[PDB]
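Listed below, chain by chain, are the residues.
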Amino acid sequence: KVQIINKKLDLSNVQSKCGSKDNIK
Amino acid sequence: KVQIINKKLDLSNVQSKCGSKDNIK
Amino acid sequence: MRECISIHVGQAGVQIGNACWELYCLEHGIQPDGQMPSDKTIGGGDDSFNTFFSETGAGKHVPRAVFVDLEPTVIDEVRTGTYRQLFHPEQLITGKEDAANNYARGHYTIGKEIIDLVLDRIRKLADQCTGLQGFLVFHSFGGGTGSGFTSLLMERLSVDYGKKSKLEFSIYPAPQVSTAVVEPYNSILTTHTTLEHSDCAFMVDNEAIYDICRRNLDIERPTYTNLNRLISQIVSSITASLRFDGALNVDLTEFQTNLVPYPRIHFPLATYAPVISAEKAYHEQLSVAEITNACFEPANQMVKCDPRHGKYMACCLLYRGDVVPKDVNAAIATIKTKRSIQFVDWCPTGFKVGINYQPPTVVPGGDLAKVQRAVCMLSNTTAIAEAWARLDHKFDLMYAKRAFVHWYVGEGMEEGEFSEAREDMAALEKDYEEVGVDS
Amino acid sequence: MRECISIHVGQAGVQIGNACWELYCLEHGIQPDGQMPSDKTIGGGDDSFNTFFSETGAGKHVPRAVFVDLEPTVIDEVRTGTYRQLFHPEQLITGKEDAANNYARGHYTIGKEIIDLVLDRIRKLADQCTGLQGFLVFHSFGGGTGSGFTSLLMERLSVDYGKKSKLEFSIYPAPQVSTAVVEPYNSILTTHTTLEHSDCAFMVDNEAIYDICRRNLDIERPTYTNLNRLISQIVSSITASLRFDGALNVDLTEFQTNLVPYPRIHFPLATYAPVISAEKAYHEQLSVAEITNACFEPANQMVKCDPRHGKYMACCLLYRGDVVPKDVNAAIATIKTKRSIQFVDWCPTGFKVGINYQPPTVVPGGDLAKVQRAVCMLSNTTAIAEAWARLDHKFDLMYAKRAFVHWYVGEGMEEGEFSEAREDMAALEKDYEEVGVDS
Amino acid sequence: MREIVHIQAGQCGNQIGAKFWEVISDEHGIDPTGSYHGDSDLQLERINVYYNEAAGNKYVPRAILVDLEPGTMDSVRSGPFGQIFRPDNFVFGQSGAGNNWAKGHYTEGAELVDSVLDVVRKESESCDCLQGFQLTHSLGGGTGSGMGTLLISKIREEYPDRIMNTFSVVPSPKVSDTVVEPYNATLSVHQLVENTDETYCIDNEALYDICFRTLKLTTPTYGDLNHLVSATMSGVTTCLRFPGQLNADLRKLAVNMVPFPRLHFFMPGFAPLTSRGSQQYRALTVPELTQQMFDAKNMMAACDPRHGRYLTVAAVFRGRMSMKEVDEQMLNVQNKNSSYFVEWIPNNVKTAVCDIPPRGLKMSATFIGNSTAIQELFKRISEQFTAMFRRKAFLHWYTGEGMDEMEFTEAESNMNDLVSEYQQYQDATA
Amino acid sequence: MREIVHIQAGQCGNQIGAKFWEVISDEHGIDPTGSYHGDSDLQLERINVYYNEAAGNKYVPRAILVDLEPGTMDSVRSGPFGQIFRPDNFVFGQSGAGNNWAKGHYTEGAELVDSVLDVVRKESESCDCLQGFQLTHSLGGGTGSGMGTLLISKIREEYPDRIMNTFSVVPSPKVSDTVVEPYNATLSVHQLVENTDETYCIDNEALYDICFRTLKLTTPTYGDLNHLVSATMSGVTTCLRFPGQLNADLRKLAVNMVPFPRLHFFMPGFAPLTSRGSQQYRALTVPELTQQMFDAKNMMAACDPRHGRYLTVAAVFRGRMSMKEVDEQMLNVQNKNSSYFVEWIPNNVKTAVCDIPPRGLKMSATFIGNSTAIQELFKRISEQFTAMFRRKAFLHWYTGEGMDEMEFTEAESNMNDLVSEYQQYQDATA
Ligand SMILES: Nc1nc2c(ncn2[C@@H]2O[C@H](COP(=O)(O)OP(=O)(O)OP(=O)(O)O)[C@@H](O)[C@H]2O)c(=O)[nH]1
Ligand SMILES: Nc1nc2c(ncn2[C@@H]2O[C@H](COP(=O)(O)OP(=O)(O)OP(=O)(O)O)[C@@H](O)[C@H]2O)c(=O)[nH]1
Ligand SMILES: Nc1nc2c(ncn2[C@@H]2O[C@H](COP(=O)(O)OP(=O)(O)O)[C@@H](O)[C@H]2O)c(=O)[nH]1
Ligand SMILES: Nc1nc2c(ncn2[C@@H]2O[C@H](COP(=O)(O)OP(=O)(O)O)[C@@H](O)[C@H]2O)c(=O)[nH]1
Ligand SMILES: [Mg+2]
Ligand SMILES: [Mg+2]
């Protein structure tokens, strides 16, 4: 009467941190 | 109940490739 | 003059430290008992090794090193080895139970017991220095004691000193070979906690060193001995600019000034050339251009990856020995001309060069043939993004089922730490993907 | 100054390479260990052998050669022979299974495994050269490894460099003697794939060398030893114009400029004279005119064929040693006067001449008597069209029943390749028939 | 330094541990008098991990002997190495268990456990750094099973942060030696799965198969099987005693080898194993050891591992070797047989290398595998136990000791849940 | 480097291979202890192609012994060279085949083939570069025939890209030694023609004729016939071991000698062969070896090759020779006897020269011929098999092992088709 501990894992939406485009304008 | 694998082989019509007569005129 | 403290953490740290200090004692002519066979000057002079060896008593040189581990066996092996009378007895700090490849242990449970003693010894060593410039930390990501205690010590040192440079030499988890089942978690947690506190961490790979040994050194059974010797050669070539006068000297700050374009991308790949066996040494003419060209061959990378899959952001060429600057100029021009090597568009000046007069020295009983010139190269390329993605994929595969998670959770590692580390690693991958896009 | 890379592929390639490098080391006075018994100049000078031998270390000369084979036995014989300490260990590349006289294997299945390593070594050798002019490839048509891997390497080199000359010395299948049953298929496929990628391929024949040995050298049991020695003499006479200063020097490009009238007809026949035993050497006065006349005798052709059956399109006379240009002028005028030798009408100027001062050198324990002058002759004649027709007839006889065809088909050699090769060989025969018709 | 308290319980305990201490005393140069007469400094460098030094060059093995009848202890005391053991640690009863787990756990063990635990505390307080407890015992044996379960529970309560390792002799798939072995095994695992850190499953039948097949032995004894088990035990803790290129203590093995808290059973193996005559025709290389380890016929557990998949693999090597060689062999193993490893664990193999080879060998290797195939053992035990319990087979012998039907019911339910967990973790799920 | 796995099966297998390993150990300077005590570096230069080195200067022949009754293996183990073979590779059953191919292929071989294939895989994984498999066995023998067919099928499935060479003892044209030899031979070839790369046909009767006629022997033994067969076997693979002016491995022979996939049977020959007294009156030249090779009385096959034509001819020479001499002799042979070669194959002869002569000879040569004349063997076998099958002669002995009439029918039909193919390829067609 057991069930495996499986979780739905996702890194859904991760943005970059280095502002490599901040001076693109 | 077999037959030899004989094929009718021919190099029928082969033309030259070097234009040795291109400037004959 | 200038000073640098070498910190060795964990199994790989202590072993690489043994190799490195053997190589230093060979280069500077320092006997295993701290004495000099040509002990004509005592307590000063140049004698440029004042950076790595402090002067005590009369004629005894003491290395500025701190060996830390939670398992006393390797430190005891140091305490009974050839250099047992070289190191100061107060430089060898031991716990009584290693971290069992559990980052949580070495970071929270066991590391907190000796971190204060380690920091006190580091402060005592640094207070004896006048031009302290950098800290060298040797550790492996997979090793729990190395990983966890290194993360803790890096945080503590970043808090205590702040403006001193922090360089790391670390063994990246091999893409195929592994020694611990939980290397993904330890690696991900250590990277997440270490990223913003390190100036430059140099990547090496034992599998790449296996391939290099087999191909170039013609050695079929290269145990950790040859690996440690090659790593020590690389470290010595990096520190030779400080230890010996060169035609173009390079301090330690220039490395992070030239190799780190963004504060979050500071993982350059180490290479080394020439690496030839003594048998083919007499069938080869090692010119400057040939070594420079061999440095950029993908088969000579100390990290298993394909540099052709990404682009270079910065490359540092450190030459040693009989090196002519004109030949280096022409070789760099040729390398830039080679269309198979791509650099990021936003870095039109992608090379930094340094030339030191001191030629490399071969350890007696070693593997490499003696050469009159050698080149240590350090390159920051976007090719390691694929290795980061592989590590993140392995972490996801193991974490979707919470495999090994109870071991970390029991030590106080709250579960949300893994989610935070995973998101931060995804952000690092996004950073690499964004910086690699031209415009 | 100028440079040339010698590539030896297959059994015959490696054996002829052994003979050739022995002859070169004898001519330039280079000891088997790369040293010079008169080592008074190191790393430069003239010392004109800089073309074939690179300067490494201090006093060690390293031949610019690459030995490739899929069967390691002959390369190991080189690795344990007299010149094992001469060649660079990285110049000897081996597979682990030869092509079994199957062109399909060496071209597709096995050759693709080491072609990249061979090309990388070739690029590393070429990057050390400054005036690289030509590539020398030694191979036999019948040999599978030779044939298939040579075709593959020729395609790859033609793609990579393009404008560097590509000369071949190859053993034409003997009209009567054979060593493999499937020599027709391998020969036809190799010729079809190699034709448009070679600048000039020099033809030799083991049966013709047997006849030459028996008639001129008076040797009843001339194994591959005498064959290889004669081939090496021819190769050395061809390269002497580069290696030594002459009264009329000839580079490598002049050969394909003077011998190739049409891009598809580049198969000159090699000859050599004088070839006399030491016993009749003291009953003979070897003048220039006599050697020139003996060069055009059908009994001295290195390829079993009758030059009287066709016409000459180009003839290169390379003289060595005590040679007076006036005597060469008169001898060429006499040869042109001789009405039994026919040249194509569209080539009124059918001779090219070169005179080098260096006399030929006899290998100790050799077969040929020492002479003060020798002539190596290279002639492009339409007489080889009959040999091409014979090979095509044998191919038709074997292919009408699909004999041995499954062996090639299994390796991925699609059946239409044989039809394409047959039509291309018929087109080559048509080319020879058309260029041989006056107007 | 790190110290290991070896607890011996039952007939398996006493015999296997007598052979084990013989082997350990041989490795460290300790003669049957306790005086050190070795030839290398490494023998005394880490002699304190299994020995206490009483001044006079005499070393006492840190072992505790437990039994319920003095016969086996008399046999041990009168045999070889009898005088090295300090006689303080021969703690025995008088009634015996009679192979009844209920008896040995609730009456005789309940009477003797106070003395046994006092001895345990005495040996633990004298330690410098207690690392873990090693227990040698059988499951079918009433003394072994009951006394071991009771002692493991009590010591786990006493030291919840130490390593609890057990080497248990499991029931054989064909030839059982005890009528009430299934109930003893069920009730034993019902506590072992809760209190222990890791358990190594040894089957005597697999050892007999290895002895007749590989070693070509015609008259194997329980003592020679104990020699094999002792070689395995010595290989397990070689890193706690001698240096090496890559060391691994017991906690590192527990961390790397137990993915989830309840799936801690392991299948041990050993290499090399050769007959005396065949020694002259086979070379000792790392590929040879690797092929002998990952072989179904060399598994000392009563299960063909090719029926399930592995979760974690530990391979501790002994002797001078190349790490590149071992790593390449492990890569070849994982690549050629990828279908035998769970998809949710990349890098399934853990490695370690000690520089000191066993006595008489150039190189060796100890295998430790965590395979889902071991569910066969637990499923067969559950089937036999259910079939016996439906008819109340021998049930009065256990109900007379204080047990009720509810304890058997809970034990069987937990066993079914453990089997179901092993079956659940065979799903790739990805 | 290239390695050859020699598989011995049947009585022919065991005896012929014992003599073969005697000869091979003599050529490489390996004494009956396995220790190298030779005198030339070339003996160890390619010692690994047939030997595995176990540290201690001992070399183990990479051979696998297979049988269904331990008598022949006991005779081999107790005889000369018994201790060099590592005893791991004596894999035998207990029932024997009783000369019944059906038994040895479906019951006893079916029981023993798992162990035999495990041994094969063990020997193959230890190789550096597996080149091909050599099988020595008889066709009339039930053990040889059945076990060989089963093993060849299984190994061909296991390694489809390796060379499968067999040296089979074929039925004699006059004196048969087994009552059920025709059925065994038919059912054996029905699988050999499908799974093998090339098969060398040895007849004991032709060997007896050569022994009484050429060698002038009065009391020839099966061991001396095995000596001749072993000299042939050593001459076949001399290029895999020693350098020479022109080398040829096994795949080169398979490519040059098999024109069409089903016509892979070859007739072996050997030269020189002289009596002891006549050695003092005949010189050893290449013309002498050439005339001895292309001689009907020197063919070890049970057929006069002058009745048909050759498709491919292999002539591997040993010893210092002139290539011009050999080539001129081959030209003379092809020119004077052009009517014995098929018109659709120009350049019928393949050549190779090894620089190391056999022990005691200045020069030698091994003959391998692919002649259409071998259709006589297959036609006689088909006639005898049909005559026996019409009356169901001994049919119950095979139907009791699981065979039906359809398997015999298919075997006979395939045999008739093979004979018809050989007859078809005798047409000049041009
Ligand atoms: N190149 C090289 N790598 C090493 C060496 N020693 C250990 N490693 C690497 O270190 C990794 C394991 O981490 P360790 O350093 O051994 O462990 P640790 O730092 O002692 O920390 P713990 O896990 O608590 O033992 C392995 O993947 C090895 O590749 C060495 O001497 N040379
Ligand atoms: N003149 C001369 N010819 C040779 C020599 N060696 C081999 N040959 C010729 O080479 C032909 C056979 O091809 P090989 O070169 O031996 O075969 P390979 O190049 O090794 O390729 P494989 O077929 O795969 O073995 C024969 O017809 C010989 O005439 C040699 O030393 N001298
Ligand atoms: N390997 C091994 N197994 C043993 C030995 N002695 C007994 N056994 C096993 O242990 C079981 C007997 O249980 P035992 O411990 O003697 O009974 P207890 O008094 O109730 O503990 C049997 O199944 C035996 O197979 C031994 O010396 N070696
Ligand atoms: N050349 C040779 N032939 C043999 C030898 N022993 C047996 N034979 C032949 O093999 C056949 C016997 O089959 P055999 O293999 O012994 O029976 P099996 O047990 O069913 O395999 C007979 O026709 C013999 O002529 C031998 O030592 N040398
Ligand atoms: Mg550690
Ligand atoms: Mg070859």
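What counts, and where the lines are drawn
Residues numbered from 1 in each chain as written, not as in the entry; some residues may be left out. Chains lettered and ligands numbered in written order. Part of a larger assembly, values for the part shown. Heavy atoms only, no water. Near = heavy atom within 4 Å. Polar contact = N/O pair within 3.5 Å; in protein donor to acceptor, adjacent residues only side chain to side chain. Areas by Shrake-Rupley, 256 points an atom, 1.4 Å probe, with all protein chains shown as cover. Helix = DSSP H or I, 4+ residues; strand = E, 2+ residues; numbered from the N terminus. Domains from an automatic or database assignment. Contact = heavy atoms within 4.5 Å. Buried area = accessible area lost by both parts, 1.4 Å probe. Salt bridge = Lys/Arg side-chain N within 4 Å of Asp/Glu carboxyl O. Nonpolar A, V, L, I, M, F, W, Y, C, P; charged D, E, K, R; others polar. Axes fitted to C-alpha atoms, helices over the stretch in contact; angles between N-to-C directions. Parallel < 35°, antiparallel > 145°, perpendicular 65-115°, else oblique. Pairing = 2+ DSSP bridges. Left-handed = near helix turned anticlockwise from the far one by under 90°. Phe/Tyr/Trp six-rings, centres within 6.5 Å; stacked < 30°, edge-to-face > 60°. Buried < 20%, exposed > 50% of the residue type's maximum accessible area, 1.4 Å probe, protein only.

- The deposited coordinates, according to the entry record, derive from cryo-EM at 3.9 Å resolution.

### Re the site of ligand 1
Next, step 1: In the neighbourhood of ligand 1, 22 residues make up the surrounding shell, with C:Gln15, C:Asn101, C:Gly144, C:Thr145 and C:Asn206 lying closest.
Next, step 2: At the site occupied by ligand 1, nearby residues are drawn from chains C and E.
Next, step 3: Measuring from a nitrogen atom of ligand 1, one finds a side-chain N or O atom of C:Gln15 at 2.7 Å.
Next, step 4: Residue C:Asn228 places a side-chain N or O atom 2.8 Å away from a nitrogen atom belonging to ligand 1.
Next, step 5: Calculation on ligand 1 without its partners gives an accessible area of 640 Å², and the protein chains cover 94% of this total.
Next, step 6: At the level of secondary structure, the elements contributing two or more residues to the shell around ligand 1 comprise α1 (10–28), α5 (144–160) and α8 (224–243) of chain C.

### Section: the domain arrangement of chain E
Residue and element names in this part refer to chain E.
Next, step 1: The domains assigned to chain E are domain 1 (1–259), domain 2 (260–373) and domain 3 (374–430).
Next, step 2: Relative to domain 2, the C-alpha centre of domain 1 lies at a distance of 23 Å.
Next, step 3: The interface is formed by 46 residues belonging to domain 1 together with 39 residues belonging to domain 2.
Next, step 4: On the domain 1 side of the contact with domain 2, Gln245, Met257 and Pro259 bury the most area, a combined 19% of that side's loss.
Next, step 5: Taken together, domain 1 and domain 2 are joined by three salt bridges.
Next, step 6: Close ionic contact of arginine 318 with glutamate 27 constitutes a salt bridge, the shortest N to O distance being 3.4 Å.
Next, step 7: At the surface where domain 1 touches domain 2, the tally comes to twelve residue pairs in polar contact.
Next, step 8: Of the residues forming the side of domain 1 that touches domain 2, the biggest block, six residues, is contributed by helix α9 (residues 222–236).
Next, step 9: Split by residue class, the side of domain 1 that touches domain 2 holds 24 nonpolar, twelve polar and ten charged.

### Considering the packing of helix α8 (residues 204–213) of chain F against helix α9 (residues 222–236) of chain F
All names here are of chain F.
Next, step 1: Running from N to C, α8 and α9 cross one another at 95°; their axes reach a closest spacing of 10 Å. The angle between α8 and α9 falls in the class roughly perpendicular. Along its contact with α8, which presents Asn204, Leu207, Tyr208 and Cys211, the element α9 presents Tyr222, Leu225, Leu228 and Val229.
Next, step 2: Within the contact of α8 with α9, the residues separate by chemical class into seven nonpolar, one polar and no charged.

### Structural notes on the domain arrangement of chain C
Residues and elements named next belong to chain C.
Next, step 1: Domain annotation for chain C reports domain 1 (1–268), domain 2 (269–383) and domain 3 (384–439).
Next, step 2: Contacts between the two partners involve 27 residues from domain 1 and, on the opposite side, 29 residues from domain 3.
Next, step 3: Of the roughly 2,700 Å² buried between domain 1 and domain 3, counting both surfaces, carbon and sulfur atoms make up 69%.
Next, step 4: Considering only the side of domain 1, the residues that lose the most area to domain 3 are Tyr172, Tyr185 and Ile188, jointly responsible for 28% of the buried surface there.
Next, step 5: Along the contact surface separating domain 1 from domain 3 lie three salt bridges.
Next, step 6: Put simply, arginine 264 and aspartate 431 hold a salt bridge, and the shortest N to O gap is 2.9 Å.
Next, step 7: At the boundary of domain 1 and domain 3, one finds 13 residue pairs in polar contact.
Next, step 8: When contributions to the side of domain 1 that touches domain 3 are tallied by element, the ones reaching two or more residues are α3 (103–109) and α6 (183–194).

### Details of the sheet that holds strand β6 (residues 129–138) of chain F
All names here are of chain F.
Next, step 1: The strand order across the open sheet built from ten strands is β5-β4-β1-β6-β7-β8-β9-β12-β10-β11, with neighbouring strands paired in mixed fashion. Unpaired on one side and paired on the other, β5 (90–92) and β11 (349–354) mark the two borders of the sheet. Strand-to-strand twist across the sheet, computed as the mean angle between neighbouring axes with direction ignored, equals 20°.
Next, step 2: As defined by bridge partners, strand β1 (residues 2–9) adjoins strand β4 (residues 63–67) across four bridges and the pair is classed as parallel. By the bridge assignment for β4, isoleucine 7 is matched with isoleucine 64.
Next, step 3: Taken strand by strand, helix α5 (residues 108–125) contacts β1, β4, β5 and β6, and its axis lies near 175° from that of β4.

### Describing the packing of helix α1 (residues 10–27) of chain F against α9(F)
Residues and elements named next belong to chain F.
Next, step 1: In the contact formed by α1 and α9, the axes pass within 8 Å of each other and the chain directions differ by 55°. Judged on the interaxial angle alone, α9 and α1 are oblique. Viewed along their axes, α1 and α9 form a crossing whose handedness is right-handed. For the pair formed by α1 and α9, the contact residues are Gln15, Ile16, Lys19, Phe20, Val23, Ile24 and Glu27 on the first element and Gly223, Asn226, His227, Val229, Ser230, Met233 and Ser234 on the second.

### A closer look at the site of ligand 2
Next, step 1: Within the structure, ligand 2 sits among 22 residues, and D:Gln15, D:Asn101, D:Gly144, D:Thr145 and D:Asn206 are positioned closest to it.
Next, step 2: Residues within reach of ligand 2 are spread across chains D and F.
Next, step 3: Contact distances for ligand 2 include 3.4 Å between an oxygen atom and a backbone N or O atom of D:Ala99.
Next, step 4: Between ligand 2 and the protein, one listed contact pairs a nitrogen atom with a side-chain N or O atom of D:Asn228 at 2.8 Å.
Next, step 5: About the coverage of ligand 2: the protein hides 94% of its 650 Å² of free accessible area.
Next, step 6: Put simply, the parts of the chain that give the shell around ligand 2 at least two residues each are α1 (10–28), α5 (144–160) and α8 (224–243) of chain D.
Next, step 7: Here the shell around ligand 2 gets four residues from one element, more than from any other, and that element is α1(D).
Next, step 8: For the shell around ligand 2, a count of residues per class yields seven nonpolar, twelve polar and three charged.

### Overview of the interface of chain A and chain C
Size of an interface, as often reported, equals the accessible area lost when the parts are brought together.
Next, step 1: Between chain A and chain C, the residue contacts involve 15 residues of the former and 17 residues of the latter.
Next, step 2: Together, the buried faces of chain A and chain C total about 1,500 Å²; carbon and sulfur atoms form 64% of this surface.
Next, step 3: For the pair chain A and chain C, the interface holds one salt bridge.
Next, step 4: In this structure, C:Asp424 engages A:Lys17 in a salt bridge whose closest nitrogen and oxygen atoms are separated by 2.4 Å.
Next, step 5: At the boundary of chain A and chain C, one finds six residue pairs in polar contact.
Next, step 6: Here the side of chain A that touches chain C is composed, by residue class, of seven nonpolar, five polar and three charged.

### Notes on the sheet that holds strand β6 (residues 129–138) of chain E
Residues and elements named next belong to chain E.
Next, step 1: The strand order β5-β4-β1-β6-β7-β8-β9-β12-β10-β11 describes an open sheet built from ten strands, whose pairing is mixed. The sheet terminates laterally at β5 (90–92) and β11 (349–354), the two strands that pair on one side only. Each adjacent strand pair in this sheet contributes to an overall mean axis angle of 20°, direction not counted.
Next, step 2: One ladder, built from five bridges, connects strand β7 (residues 163–169) with strand β8 (residues 198–202); its direction is parallel. Residue pairing for β8: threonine 166 is matched across the bridge by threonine 199.

### Structural notes on the interface of chain E and chain C
Next, step 1: Counting residues at the interface gives 43 residues for chain E and 37 residues for chain C.
Next, step 2: For the chain E and chain C pair, buried surface summed over both sides reaches about 3,900 Å², with 56% attributable to carbon and sulfur atoms.
Next, step 3: Counting the contacts that link chain E with chain C gives six salt bridges.
Next, step 4: One salt bridge connects C:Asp98 with E:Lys252, and the closest N-O pair in it is separated by 3.9 Å.

### Description of the packing of aromatic side chains
Next, step 1: Applying the stated criterion across every chain yields a total of 106 aromatic pairs over all chains.
Next, step 2: Ring centres of C:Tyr185 and C:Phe395 lie 5.2 Å apart, and the angle between their planes is 65°; this geometry places the pair in the edge-to-face category. Of this pair, C:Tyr185 sits in helix α6 while C:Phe395 is found in helix α12 (residues 384–399), placing the two residues 210 residues apart along the sequence.
Next, step 3: According to the relative accessible area criterion, C:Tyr185 is buried, its value standing at 1%.
Next, step 4: Given a relative accessible area of 1%, C:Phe395 falls into the buried group.
Next, step 5: Between D:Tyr185 and D:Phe418 the ring centres are 5.7 Å apart and the planes differ by 55°, which places this aromatic pair in the tilted class. Pair noted here: D:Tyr185 is in helix α6 (residues 183–194) and D:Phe418 is in helix α14 (residues 416–435), with a separation of 233 residues, a long-range link.
Next, step 6: When its relative accessible area of 0% is taken as the criterion, D:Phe418 is described as buried.
Next, step 7: Grouping aromatic residues by their ring pairs yields a cluster made of C:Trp21, C:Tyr24, C:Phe49, C:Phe52, C:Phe53, C:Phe67 and C:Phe87.

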